[PDB]
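If you're matching them up, the sequences are chains f, s, e, h, g and a in order. The deposited numbering applies: residue 5 is where the first sequence begins, and numbers increase by one. The deposited numbering applies: residue 18 is where the second sequence begins, and numbers increase by one. The deposited numbering applies: residue 3 is where the third sequence begins, and numbers increase by one. The deposited numbering applies: residue 6 is where the fourth sequence begins, and numbers increase by one. The deposited numbering applies: residue 6 is where the fifth sequence begins, and numbers increase by one. The deposited numbering applies: residue 389 is where the sixth sequence begins, and numbers increase by one. Below: the structure, in structure tokens.
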Amino acid sequence: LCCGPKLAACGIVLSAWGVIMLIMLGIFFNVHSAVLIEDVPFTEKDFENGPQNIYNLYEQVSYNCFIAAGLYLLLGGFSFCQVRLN
Amino acid sequence: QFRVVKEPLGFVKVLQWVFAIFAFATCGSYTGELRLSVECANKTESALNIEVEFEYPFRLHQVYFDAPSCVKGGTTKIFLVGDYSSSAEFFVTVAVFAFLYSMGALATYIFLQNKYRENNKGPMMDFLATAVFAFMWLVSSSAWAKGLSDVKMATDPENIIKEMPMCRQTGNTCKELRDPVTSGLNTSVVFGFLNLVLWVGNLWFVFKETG
Amino acid sequence: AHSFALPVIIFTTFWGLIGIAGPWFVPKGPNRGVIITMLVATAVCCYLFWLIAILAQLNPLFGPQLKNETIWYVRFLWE
Amino acid sequence: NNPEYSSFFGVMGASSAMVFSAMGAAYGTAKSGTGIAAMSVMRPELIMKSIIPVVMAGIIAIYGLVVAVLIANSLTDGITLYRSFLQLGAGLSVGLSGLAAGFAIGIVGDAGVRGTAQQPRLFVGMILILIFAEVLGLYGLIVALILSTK
Amino acid sequence: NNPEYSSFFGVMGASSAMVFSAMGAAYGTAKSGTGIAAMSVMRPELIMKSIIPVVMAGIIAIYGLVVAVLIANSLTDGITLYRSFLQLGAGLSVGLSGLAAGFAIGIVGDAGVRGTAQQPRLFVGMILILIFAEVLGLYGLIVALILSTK
Amino acid sequence: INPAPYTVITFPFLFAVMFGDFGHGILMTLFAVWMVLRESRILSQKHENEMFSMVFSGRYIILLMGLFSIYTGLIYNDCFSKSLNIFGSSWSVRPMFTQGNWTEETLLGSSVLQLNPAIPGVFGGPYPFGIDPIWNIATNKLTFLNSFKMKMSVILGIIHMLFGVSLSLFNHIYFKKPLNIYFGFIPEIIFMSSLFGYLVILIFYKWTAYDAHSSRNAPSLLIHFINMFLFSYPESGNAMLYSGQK
Numbered sequence: 005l006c007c008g009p010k011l012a013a014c015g016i017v018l019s020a021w022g023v024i025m026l027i028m029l030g031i032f033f034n035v036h037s038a039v040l041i042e043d044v045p046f047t048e049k050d051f052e053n054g055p056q057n058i059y060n061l062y063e064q065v066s067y068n069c070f071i072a073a074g075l076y077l078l079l080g081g082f083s084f085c086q087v088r089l090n
Numbered sequence: 018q019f020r021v022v023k024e025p026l027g028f029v030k031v032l033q034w035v036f037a038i039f040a041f042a043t044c045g046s047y048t049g050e051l052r053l054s055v056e057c058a059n060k061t062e063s064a065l066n067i068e069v070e071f072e073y074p075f076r077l078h079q080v081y082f083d084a085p086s087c088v089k090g091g092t093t094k095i096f097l098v099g100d101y102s103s104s105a106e107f108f109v110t111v112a113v114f115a116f117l118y119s120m121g122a123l124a125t126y127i128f129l130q131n132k133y134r135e136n137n138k139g140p141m142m143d144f145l146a147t148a149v150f151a152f153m154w155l156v157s158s159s160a161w162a163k164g165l166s167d168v169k170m171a172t173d174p175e176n177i178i179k180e181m182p183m184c185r186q187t188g189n190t191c192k193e194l195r196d197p198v199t200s201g202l203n204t205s206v207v208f209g210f211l212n213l214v215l216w217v218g219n220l221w222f223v224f225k226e227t228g
Numbered sequence: 003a004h005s006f007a008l009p010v011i012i013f014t015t016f017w018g019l020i021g022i023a024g025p026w027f028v029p030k031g032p033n034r035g036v037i038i039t040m041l042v043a044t045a046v047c048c049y050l051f052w053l054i055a056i057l058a059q060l061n062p063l064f065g066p067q068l069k070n071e072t073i074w075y076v077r078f079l080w081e
Numbered sequence: 006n007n008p009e010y011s012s013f014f015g016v017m018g019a020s021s022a023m024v025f026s027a028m029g030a031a032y033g034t035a036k037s038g039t040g041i042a043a044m045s046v047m048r049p050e051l052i053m054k055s056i057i058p059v060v061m062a063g064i065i066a067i068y069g070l071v072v073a074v075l076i077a078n079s080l081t082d083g084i085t086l087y088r089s090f091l092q093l094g095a096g097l098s099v100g101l102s103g104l105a106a107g108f109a110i111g112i113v114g115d116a117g118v119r120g121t122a123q124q125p126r127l128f129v130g131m132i133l134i135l136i137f138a139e140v141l142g143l144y145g146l147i148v149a150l151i152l153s154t155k
Numbered sequence: 006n007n008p009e010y011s012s013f014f015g016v017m018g019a020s021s022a023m024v025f026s027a028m029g030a031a032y033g034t035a036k037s038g039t040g041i042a043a044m045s046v047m048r049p050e051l052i053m054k055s056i057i058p059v060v061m062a063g064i065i066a067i068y069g070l071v072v073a074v075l076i077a078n079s080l081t082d083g084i085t086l087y088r089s090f091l092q093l094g095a096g097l098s099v100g101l102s103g104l105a106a107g108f109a110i111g112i113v114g115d116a117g118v119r120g121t122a123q124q125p126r127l128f129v130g131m132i133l134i135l136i137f138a139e140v141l142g143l144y145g146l147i148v149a150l151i152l153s154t155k
Numbered sequence: 389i390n391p392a393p394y395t396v397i398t399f400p401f402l403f404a405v406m407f408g409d410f411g412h413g414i415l416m417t418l419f420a421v422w423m424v425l426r427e428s429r430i431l432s433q434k435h436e437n438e439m440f441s442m443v444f445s446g447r448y449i450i451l452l453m454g455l456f457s458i459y460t461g462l463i464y465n466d467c468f469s470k471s472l473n474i475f476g477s478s479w480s481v482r483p484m485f486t487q488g489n490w491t492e493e494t495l496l497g498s499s500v501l502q503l504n505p506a507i508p509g510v511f512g513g514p515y516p517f518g519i520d521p522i523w524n525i526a527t528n529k530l531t532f533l534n535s536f537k538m539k540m541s542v543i544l545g546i547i548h549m550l551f552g553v554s555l556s557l558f559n560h561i562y563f564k565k566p567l568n569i570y571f572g573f574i575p576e577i578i579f580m581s582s583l584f585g586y587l588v589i590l591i592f593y594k595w596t597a598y599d600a601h602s603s604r605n606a607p608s609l610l611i612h613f614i615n616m617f618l619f620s621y622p623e624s625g626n627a628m629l630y631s632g633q634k
């Protein structure tokens, strides 16, 4: 019926890929704290004090792997529902 | 069925689950500290009080601390050596996986007993899984023994004292106040060895039960 | 630091064993030879590839080049 | 401390990024209009199916406009030579890229307009080619906004 | 110390990496469009079939963009003449390799579409030659990297 | 000699030699498995797109080169532009660098880059896992990567070419044509070997023998090759590769 699977299967594959890679990025940014070899960018300019700031902000940056993936968590669920509509 | 509960296989299994879920649970959240004093020729620059912190899985190369250089009021970072995260991380992580398998086996033994006795096929997979798990437990225990021994040689105050460069000169009476406490490490490895032996026993019992 | 004799020994022994013991365990049939040929060629090419890769890294002539902030970071991240 | 002629290169960029870009548009809307002249007769109702190249030309003109304005907005009397060279390079690059994109859009538009006139189903496919020409426009803009700050 | 002229040359290199290469791509696309027209009326089913040349032109553009970004990040106020001329050489070489490859792909694409318009079996053949065009661009890009170190 | 059994495996290997990336290997393998698993459905279906037909004809090659792309990317240690770091780097620890007369130079380093000369005497270590990961952020990675690719490509090409040329002798003996083998393939192979196997032995010799401490005075291979090609014999400016070279 509405939003036939012919123009949405690519959407499902893209959503699956997005959720898996975003979970991977979040996990390797939080647990491993995104060692600088796998990550150049950070969020500060004055880091002359000590290591607490770097790991704290790395956790804050990894936390942002939330709604990112969560966004798809849903979009995939919606696209599957549209696929079901026959 | 109370019969399977009174059967020694189930009681052995739940006991070994309790032992494992105590051992790895205690091992995987450790933390601790040791206290040292640095004193030099000039009593103004002496640091009467210095601390260093360690924890699980005993990545001792990550550990360090700053101490005065005792020249013109300087200071330098001394890096405590020793990479022992390998054996401890391997043991704890695959023991966590073994605990997931332990809950799976308990569910199989409690709710899926009918499938357990259907063609006696589930016992074979349980036996193979338990055999692999006993093997990894043995090598993990050996590696953890070696690693914690390396921790023992890495906790000697004389070694860290000899590492820091300035202590060669006269007047640098770098002494130790409170050594680290090794009770937790050998208690945990004792629990590791105990559940290893008990799981070997469970491995013999399941082998006898399959037939 | 990583020793050199051990990795060479394990890889050479393993892939030589695979190449040698493939065809004889492979069941006989109408298409045994073709699968044998892919096995042998795969083993030889892959082994030569990895040997080139590892022997490139043996005996470096110039060390890497790194930035200041990277040094201040790796100082405390590990090692 | 710095010579006055340092201004030279800078504002020449602030001119060129505009100038050449406009030339491109003057080819995109013109030759396409010549094609639509032939299209109008056989099927006068496909003017909406042939208004694409002119909007493309306007888009590239807007691109030239925005780079020229942004570069001009960073003008000062004591500008360093380095900044002056940066602005000149950015402006010239975007201008000539816009010129090339305008040429391509004009030629393909003139072809595809009458191609669609004779053959309706060409129309959708025609759009495809135009998009790729438009991509070149984007690319020019990118370099300028990479050369405005760094 | 270093002269003030030194910053000039290097910046100019970046401009080339976004002029010449781009221009080649432009020509290619335009020519291919003409081919599609001559093929659209008689063999209408193969319109999308001939998406292959136009993308194979746009790739040249992509290459230019790559090198441009690189030479926008290695630029600093205190540049010696050595670095400036290295960068100018890289930009010139990549721009001209892009241009030559663009001309080749354009001509070959016209010939390919026209040939396939009368002989399906020719399809694969045209693709082969097209590869030999695109690769030429890569050769230019190669020395660019060799000139970001030595 | 039908060249199918050779090509069927040397084509994915070569594609992998030019497709050194692991995530894209996974993507291509997923594509190939998607196409393959619907064999019965697609073959019993009406399709129109010719690209789909040629891709479905080449599903076997696509799958094999995806599977090889995975491995070659893994040894490349370049998965989606990053390096899969198993954390076995053994390059720089602080008190070792301070032992080599280097302390608090990052202050002036806040604006410069500070290459480190190698061999302070406490570092080294190859990596079993392919290519050591630290290169992925080193600003001089390009030089070593390009040297490695140069030597890689030349060596593989020479060996593959030897494999190609060595087969004609089989057919020559098979067709019973003595004049085309005794005075035929023999000069060809001796010529090719004497010209290029020399380059192979020399390049391995330079790789294995010249230690880091002899960085200065180290030779250039191409200069040697050109020198022997032109027969020029300068007495100074480049040292002989090994005793008895002349």
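C-beta: ideal position from N, C-alpha, C; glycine also.
Inset, instruction - Determine the contact status of residue 4 of chain g and residue 111 of chain g, defining contact as a CB-CB distance below 8 Å. - result: In the structure as shown, chain g starts at 6 and stops at 155, and residue 4 of chain g therefore has no counterpart that could be examined.
Inset, instruction - Give a yes or no on whether the minimum CB-CB distance between residue 139 of chain g and chain h is below 8 Å. - result: Taking the first residue of the fifth sequence as 1, we reach residue 139 of chain g at position 134. No, its Cβ sits nowhere closer than 8 Å to a Cβ of chain h.
Inset, instruction - Show which residues of chain a have a CB atom less than 9 Å away from the CB atom of residue 5 of chain g. - result: This structure cannot speak to residue 5 of chain g, because chain g is shown only from 6 to 155.
Inset, instruction - Would you list, in chain order, the members of the stretch 111–125 of chain g that have their beta-carbon closer than 8 Å to a beta-carbon of chain h? - result: None of the residues of the stretch 111–125 of chain g has a beta carbon lying less than 8 Å from any beta carbon of chain h.
Legend entry - Where residue 76 of chain e falls, given that 16 or more other Cβ within 10 Å makes a residue buried: On the third sequence, residue 76 of chain e is found 74 positions in, with the first residue counted as 1. Buried is the call here.
Legend entry - Proximal chain s residues relative to residue 80 of chain e, where beta-carbon distance stays under 8 Å: Indexing the third sequence from 1 puts residue 80 of chain e at position 78. For residue 80 of chain e, the C-beta contacts it makes with chain s under 8 Å involve 78, 79, in order along the chain.
Legend entry - Per-residue contacts from residue 69 of chain e into chain a (C-beta, under 7 Å): For this step, residue 69 of chain e is matched to residue 67 along the third sequence. The contacting residues are 501, 527.
Inset, instruction - Using a Cβ-Cβ cut-off of 8 Å, state whether residue 476 of chain a counts as contacting chain e. - result: The sequence position of residue 476 of chain a within the sixth sequence is 88, counting from 1. Residue 476 of chain a counts as touching chain e.
Legend entry - residue 195 of chain s: first and last residue of the uninterrupted alpha helix (DSSP H) it sits in: Within the second sequence, residue 195 of chain s is the residue found at index 178, counting from 1. For residue 195 of chain s, there is no enclosing alpha helix (DSSP H); the enclosing beta strand (DSSP E) covers residues 192–195.
Legend entry - Complete runs of the beta strand (DSSP E) confined to the stretch 105–170 of chain s [at least 3 residues]: You should have found no qualifying run.
Legend entry - residue 141 of chain h, buried or exposed, once every other Cβ within 10 Å from all chains shown has been counted against 16: Locating residue 141 of chain h in the fourth sequence gives position 136, where the first residue counts as 1. Its Cβ being crowded by 16 or more others within 10 Å, residue 141 of chain h is buried.
Inset, instruction - Apply the 10 Å Cβ neighbour rule to residue 36 of chain g and answer buried if 16 or more other Cβ atoms are within range, or exposed otherwise. - result: As a first step, residue 36 of chain g must be located in the fifth sequence, where it is residue number 31. Using a 10 angstroms sphere on the CB of residue 36 of chain g, the tally of other CB atoms reaches 16 or more, which defines it as buried.
Legend entry - Interface residues of chain e facing residue 515 of chain a [CB-CB closer than 9 Å]: In the sixth sequence, counting from the first residue as 1, residue 515 of chain a sits at position 127. Chain e residues near residue 515 of chain a: 4, 9, 56, 59.
Legend entry - Expected contact under 8 Å - CB spacing of residue 58 of chain s and residue 188 of chain s to nearest Å: Within the second sequence, numbered from 1, the residue matching residue 58 of chain s stands at position 41. Within the second sequence, numbered from 1, the residue matching residue 188 of chain s stands at position 171. Separation of the CB atoms of residue 58 of chain s and residue 188 of chain s is rounded to 3 Å, and the pair is thereby assigned contact status at 8 Å.
Legend entry - Assumed close pair residue 521 of chain a, residue 9 of chain e - CB separation to whole angstroms, cut-off 8 Å: Residue 521 of chain a sits at position 133 when you count from the first residue of the sixth sequence. Residue 9 of chain e sits at position 7 when you count from the first residue of the third sequence. Actually they do not touch by this definition, with Cβ atoms about 16 Å apart.
Legend entry - residue 54 of chain s (DSSP reduced to helix, strand or coil): Reading the second sequence from its first residue, position 37 is the one you call residue 54 of chain s. In the three-state reduction of the DSSP assignment, residue 54 of chain s falls in the strand class, which pools E and B.
Legend entry - Beta carbon of residue 15 of chain h nearer than 8 Å to that of residue 93 of chain h: Looking up residue 15 of chain h in the fourth sequence gives position 10. Looking up residue 93 of chain h in the fourth sequence gives position 88. It is a contact, given that the beta carbons lie within the stated cut-off.
Inset, instruction - Using beta-carbon positions only, say whether residue 137 of chain g and residue 90 of chain h come within less than 8 Å of one another. - result: As a first step, residue 137 of chain g must be located in the fifth sequence, where it is residue number 132. As a first step, residue 90 of chain h must be located in the fourth sequence, where it is residue number 85. For residue 137 of chain g and residue 90 of chain h, no; Cβs fall outside 8 Å.
Inset, instruction - State the beta-bridge partners of residue 467 of chain a as determined by DSSP. - result: Along the sixth sequence, one-based indexing puts residue 467 of chain a at 79. DSSP output for residue 467 of chain a lists a/470 as bridge partner(s).
Inset, instruction - Verify the CB distance criterion: does residue 481 of chain a have a CB-CB separation below 8 Å to chain s? - result: Translated into the one-based positions of the sixth sequence, residue 481 of chain a becomes position 93. At least one chain s Cβ lies under 8 Å of residue 481 of chain a.
Inset, instruction - Please determine, among h/96, h/97, h/123, the residue with the shortest C-alpha to C-alpha distance to residue 55 of chain h. - result: Position 50 of the fourth sequence, counting from 1, holds the residue named residue 55 of chain h. Closest by alpha carbon: h/123.
Inset, instruction - List the whole-angstrom C-beta distance separating residue 174 of chain s from residue 53 of chain s, where the pair is believed to meet the contact cut-off of C-beta under 8 Å. - result: By 1-based counting over the second sequence, the position of residue 174 of chain s is 157. By 1-based counting over the second sequence, the position of residue 53 of chain s is 36. Going by Cβ atoms, the distance from residue 174 of chain s to residue 53 of chain s rounds to 6 Å, so yes, they are a contact pair.
Inset, instruction - Would you list, in chain order, the members of the stretch 173–205 of chain s that have their beta-carbon closer than 8 Å to a beta-carbon of chain a? - result: Those would be 180, in chain order.
Inset, instruction - Would you tell me roughly how many angstroms separate the C-alpha atoms of residue 29 of chain h and residue 65 of chain g, rounded to the nearest one? - result: Counting from 1 along the fourth sequence, the entry for residue 29 of chain h is found at position 24. Counting from 1 along the fifth sequence, the entry for residue 65 of chain g is found at position 60. Our two residues, residue 29 of chain h and residue 65 of chain g, have alpha carbons roughly 20 Å apart in a direct line.
Inset, instruction - Locate the beta strand (DSSP E) running through residue 65 of chain s, then write down its first and last residues. - result: In the second sequence, the residue the question calls residue 65 of chain s occupies position 48. For residue 65 of chain s, the enclosing beta strand (DSSP E) has its first and last residue at 64–72.
Legend entry - Where residue 82 of chain s falls: helix, strand or coil (DSSP): Here residue 82 of chain s refers to the residue found at position 65 when the second sequence is read from its first residue. DSSP, reduced to helix, strand and coil, places residue 82 of chain s within a strand of the structure shown.
Legend entry - CB contact below 8 Å: residue 131 of chain g versus chain h: Counting from one through the fifth sequence, the residue named residue 131 of chain g turns up at place 126. No, no contact with chain h.
Inset, instruction - Mind reading off the beta-carbon distance from residue 134 of chain s to residue 101 of chain s? Whole number of angstroms is fine, and I expect it under 8 Å. - result: Within the second sequence, the letter at position 117 stands for residue 134 of chain s. Within the second sequence, the letter at position 84 stands for residue 101 of chain s. By a beta-carbon distance limit of 8 Å, residue 134 of chain s does not contact residue 101 of chain s. Their separation comes to about 45 Å.
Inset, instruction - List the residues of chain h whose Cβ lies closer than 8 Å to the Cβ of residue 52 of chain g, in chain order. - result: As a first step, residue 52 of chain g must be located in the fifth sequence, where it is residue number 47. Chain h residues near residue 52 of chain g: 126, 127, 130.
Legend entry - Residue-chain proximity (residue 55 of chain f, chain e), Cβ-Cβ < 8 Å: If you number the first sequence from 1, residue 55 of chain f lands on position 51. For residue 55 of chain f, the answer is yes, since a Cβ of chain e falls inside 8 Å of its Cβ.
Inset, instruction - Output yes or no for whether 8 Å exceeds the beta carbon distance between residue 61 of chain g and residue 98 of chain h. - result: Translated into the one-based positions of the fifth sequence, residue 61 of chain g becomes position 56. Translated into the one-based positions of the fourth sequence, residue 98 of chain h becomes position 93. No, they are not a contact pair.
Inset, instruction - Indicate the three-state DSSP secondary structure (helix, strand or coil) for residue 539 of chain a in the structure shown. - result: The count along the sixth sequence starts at 1 and reaches residue 539 of chain a at position 151. Helix.
Inset, instruction - Give a yes or no on whether 8 Å exceeds the smallest Cβ distance from residue 65 of chain f to chain a. - result: Along the first sequence, one-based indexing puts residue 65 of chain f at 61. No, its Cβ sits nowhere closer than 8 Å to a Cβ of chain a.
Inset, instruction - Using beta-carbon positions only, say whether residue 538 of chain a and residue 508 of chain a come within less than 8 Å of one another. - result: Here residue 538 of chain a refers to the residue found at position 150 when the sixth sequence is read from its first residue. Here residue 508 of chain a refers to the residue found at position 120 when the sixth sequence is read from its first residue. Contact flag unset, no.
Inset, instruction - Using DSSP bridges, identify the partner residues of residue 96 of chain s. - result: In the second sequence, the residue the question calls residue 96 of chain s occupies position 79. In DSSP, residue 96 of chain s forms a bridge with s/81.
Inset, instruction - With DSSP as the reference, label residue 497 of chain a as helix, strand or coil. - result: The count along the sixth sequence starts at 1 and reaches residue 497 of chain a at position 109. In the structure shown, residue 497 of chain a adopts helical secondary structure according to DSSP, grouped into three states.
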